[PDB]
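**Q** As they sit in the full assembly, here are the leading chains:
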Amino acid sequence: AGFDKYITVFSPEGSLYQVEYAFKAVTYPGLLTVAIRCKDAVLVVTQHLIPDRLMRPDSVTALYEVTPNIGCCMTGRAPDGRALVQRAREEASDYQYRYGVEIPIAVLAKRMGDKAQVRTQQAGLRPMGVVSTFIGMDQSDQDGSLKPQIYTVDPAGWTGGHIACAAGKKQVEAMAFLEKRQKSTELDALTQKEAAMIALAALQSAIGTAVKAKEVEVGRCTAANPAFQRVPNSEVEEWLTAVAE
């Protein structure tokens, strides 16, 4: 009754200290990611900064492919998220082998949240100190069209969709900027270029350094091309120049 915060047991206030501490491991590395969705595509931008000039910049990345049509971004303890990515991939593969169809993004997010909740109820397991952001396209009924989808999974196992979201260091400022921009325009009616400009502007305003192209990596899913792929640096450069006006 003295510790009550080293293992997954309730505090007298009805809170889990080991899960709140895993939320601080997300913002500990100092990295930030912003995910947005336009009328026909979904983009995610993650800080990719390499202070060590002897480090191969293209070896380390926070963007992962879960399935050809579902991409992921991990924010927090870098190895931990990697582990979750593996789990996600397995949760895809088994699903593909069980039902014969590719796993929906919402179902994958729900199952990943179920996996996280287990580590918050079993004593010996440590929660993964990362926030997972899955982006993809969802096949709609009664019309057959695809719609962009963002789903975040917390270390507590909380799963939720988003029109736009931010995660990491100074995520509150990015969310405030996105909410302020949302009061005027309608994000679900914008184009890919406008959504990318808004996301990069929010990322810059959260940190206030006017990032370059080598300092960020962007992943993308589109309705025309449902596959998840990373935006080339030239398009990111032109987006940044468009933002700089």
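**A** Thanks, I have it. Residues are numbered from 1 along each chain as shown, chains lettered A, B, ... in the order given.
**Q** Any idea how far stretch A:6-20 is from the middle of the chain?
**A** The chain centre lies 25 Å from the centre of stretch A:6-20; the measure is C-alpha atoms, centre = their mean, to the nearest Å.
**Q** Revised request: answer the last question for stretch A:7-27.
**A** 21 Å.
**Q** In it, which residues are buried?
**A** Within stretch A:7-27, the residues scored as buried using 16 or more other C-beta atoms under 10 Å are A:8, A:16, A:17, A:18, A:19, A:22, A:23, A:25, A:26, A:27. Just so you know, the C-beta spots here come from the backbone N, C-alpha and C atoms, and that holds for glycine as well.
**Q** which residues are in contact with that stretch?
**A** In this structure, residues lying in contact with stretch A:7-27 by C-beta atoms under 8 Å, 6 or more residues apart in numbering are A:4-6, A:75-77, A:80, A:119-123, A:125-131, A:154-156, A:167-169, A:171.
**Q** List only those of the residues you listed flagged as buried.
**A** For those, a neighbour count by 16+ other C-beta under 10 Å gives the buried set as A:75-77, A:80, A:119-120, A:127-131, A:154-156, A:167-169, A:171.
**Q** Just these: which are in helices?
**A** Among those, the residues falling in helices (DSSP state H) are A:80, A:119, A:171.
**Q** Might you report the residue contacts of the first one?
**A** What it means is residue A:80. A:25, A:74, A:128, A:129, A:130.
**Q** okay, chain B goes in next:
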Amino acid sequence: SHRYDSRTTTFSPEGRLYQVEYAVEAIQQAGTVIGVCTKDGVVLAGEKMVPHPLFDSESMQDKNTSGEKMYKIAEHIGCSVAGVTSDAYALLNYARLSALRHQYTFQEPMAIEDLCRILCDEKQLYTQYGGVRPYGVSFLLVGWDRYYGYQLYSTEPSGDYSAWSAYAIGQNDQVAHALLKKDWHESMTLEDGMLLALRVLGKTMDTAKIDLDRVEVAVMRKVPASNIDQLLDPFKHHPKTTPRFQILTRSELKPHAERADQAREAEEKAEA
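**A** Chain B added:
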């Protein structure tokens, strides 16, 4: 890690198991239920929590299997619980399973003492093995079998059980034991025995004009057989009377409550 292990199934410097004692203390705060074992039936009378105006009754058919305090284990076995109700449900399911397994193996009703013993080993197992907390519940078992007739048993959250002619568990159990000792005899009828139950309950809960919305009563008696069909198995002996467990309703309990409280005035008016 082993640092945070509470070591539930361990001895203390006095040879006493602290988890068992704490479970006993937990049962002390549960609602009081009193069992009286007469010669023509066994009566259980327990105090249930004050009925909130928004409480709803589960519209169950067959309103004789389980009440708010009293449950049926088998056709010839009934029980009342005191303590952690959620712990009591699992043990009730286990007892029903054991009784039906015995009926499966031998095609005869399980003896009351045998059922009491089999569920006491379950409680004892958790105090020596597993490393988890024990069950914080006490059982009052009632029933009838051809070997000893009507019986009454009480179980502790340690595996220990005892047979009683009249007993009580829950709040003010010592006072109930003191009052039951004052007024109990072997030449006692069922309706007299129930009169002893309520009169002891209403005094342990300290009420005059015993409230019908806060008391529940169950009876293990014997009734004439109803579904005896000799033509379907000509070689089976069917007893004339079968044991019946019946939970009293609101309209059935108040005729006996009126006897209890007028008896209360008859016994308190002459003390001057």
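**Q** The contacts of stretch A:7-27 with chain B there, same question as before?
**A** A:4-6, A:75-77, A:80, A:119-123, A:125-131, A:154-156, A:167-169, A:171, B:1, B:4 (C-beta atoms under 8 Å, 6 or more residues apart in numbering or on different chains).
**Q** Also stretch B:168-188?
**A** Contacts of stretch B:168-188 (C-beta under 8 Å, 6+ apart): B:27-36, B:38-39, B:46-47, B:82, B:138, B:140, B:154, B:165-167, B:196, B:199-201, B:203-205.
**Q** Quick check: the gap between residue B:184 and residue A:186.
**A** Counting by C-beta to C-beta, to the nearest Å, the separation of residue B:184 from residue A:186 is 81 Å.
**Q** So between the two, which is more surrounded?
**A** residue B:184 (16 against 9; other C-beta atoms under 10 Å in any protein chain shown).
**Q** For PyMOL, what selects the buried ones among the contacts of stretch B:168-188?
**A** To isolate the buried subset of the contacts of stretch B:168-188 in PyMOL, counting by 16 or more other C-beta atoms under 10 Å in any protein chain shown, use the following:
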select buried, chain B and resi 27+28+30+31+32+33+34+35+36+38+46+47+82+138+140+154+165+166+167+196+199+200+201+203+204+205
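**Q** mind listing which of the contacts of stretch B:168-188 are in helices?
**A** Those of the contacts of stretch B:168-188 lying in helices (DSSP H): B:27, B:28, B:196, B:199, B:200, B:201, B:203, B:204.
**Q** Which part of chain A gets nearest to chain B, residue-wise?
**A** Across chain A, no residue is closer to chain B than residue A:7, which sits at 5.6 Å (C-beta to the nearest C-beta).
**Q** include chain C as well:
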Amino acid sequence: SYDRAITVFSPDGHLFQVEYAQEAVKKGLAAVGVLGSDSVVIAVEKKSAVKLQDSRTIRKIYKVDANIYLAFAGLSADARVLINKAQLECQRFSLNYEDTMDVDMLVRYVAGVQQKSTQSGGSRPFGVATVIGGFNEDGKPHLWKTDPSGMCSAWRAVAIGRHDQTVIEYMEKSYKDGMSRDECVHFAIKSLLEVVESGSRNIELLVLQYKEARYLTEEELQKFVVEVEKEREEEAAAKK
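**A** Putting chain C together with the chains above:
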């Protein structure tokens, strides 16, 4: 599964769990066993008449087998588990060898079970001490005692439970070898009454003879208890 080491050694070479089980035995109801020329007498404390217990009699001395009887001091539920194990062992023995288990064989089995309870991970020792009496198939009365540590020893007169050491030291200087059936019943009560109250309704005594074990009735018990208490008054008068 949970298999944490519960019984562990202490910096003074002591097993604290075993000592605590023994202390739990020290708080149990007293029991005495007396060995005679042709009978074994077992007496237990029979806590009290609560006036609320069932009128039907229940024995505090347990029939492990047709020839072997047991009494215990300590925790009742652990004792019941141990007695069930002993009965199952007797039946398994009489099913694998066609011969009835000897008293010493069963005593060794029970002592082994108690010992394993003190060396198995995730388990606390049994808080039970037992007095086991019986006859082999060739006469030979046998009386044995087991402790929570798993040590078994045969006695001519043994006591377990509360104040057992005082009873043992008292009957060391007054036990005669090869007593009769009536003497042993006389001897067990006067040894038991040294630590139980003079109230005559708290003794449960059973006599074992070859192929015959019978519990004494209440009146037959009263006849012996009045004699032993009267003898105690004459002993007190002889002292002073």
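**Q** Go back to the buried residues of stretch A:7-27, now with chain C?
**A** So for stretch A:7-27, counting by 16+ other C-beta under 10 Å, buried means A:7, A:8, A:16, A:17, A:18, A:19, A:22, A:23, A:25, A:26, A:27.
**Q** How about stretch C:26-37?
**A** For stretch C:26-37, burial by neighbour count (16+ other C-beta under 10 Å) applies to C:26, C:28, C:29, C:30, C:31, C:32, C:33, C:34, C:35, C:36.
**Q** for stretch B:100-118, same thing?
**A** Within stretch B:100-118, the residues scored as buried using 16+ other C-beta under 10 Å are B:102, B:109, B:110, B:111, B:112, B:113, B:115, B:116, B:117, B:118.
**Q** which ones are touching the third one?
**A** Pointing back at residue B:110 there. Taking C-beta under 8 Å, 6+ apart as the contact definition, residue B:110 lies against B:74, B:77, B:98, B:99, B:102, B:103, B:145.
**Q** By neighbour count, which of these wins?
**A** Neighbour-wise, the contacts of residue B:110 (other C-beta under 10 Å) top out at residue B:77, 26 neighbours.
**Q** And it, its phi and psi?
**A** Dihedral pair for residue B:77: phi -130, psi 130, per degrees, to the nearest 10.
**Q** Bridged to it, which residues?
**A** Assessed by DSSP bridges, residue B:77 has beta-bridge partners residue B:74, residue B:143.
**Q** Tell me the secondary structure at the residue most central in space within chain C.
**A** Here the mean C-alpha position of chain C is nearest to the C-alpha of residue C:131 (C-alpha atoms, centre = their mean), at a distance of 2.8 Å. Three-state call for residue C:131 (DSSP: H, G, I helix; E, B strand; the rest coil): strand.
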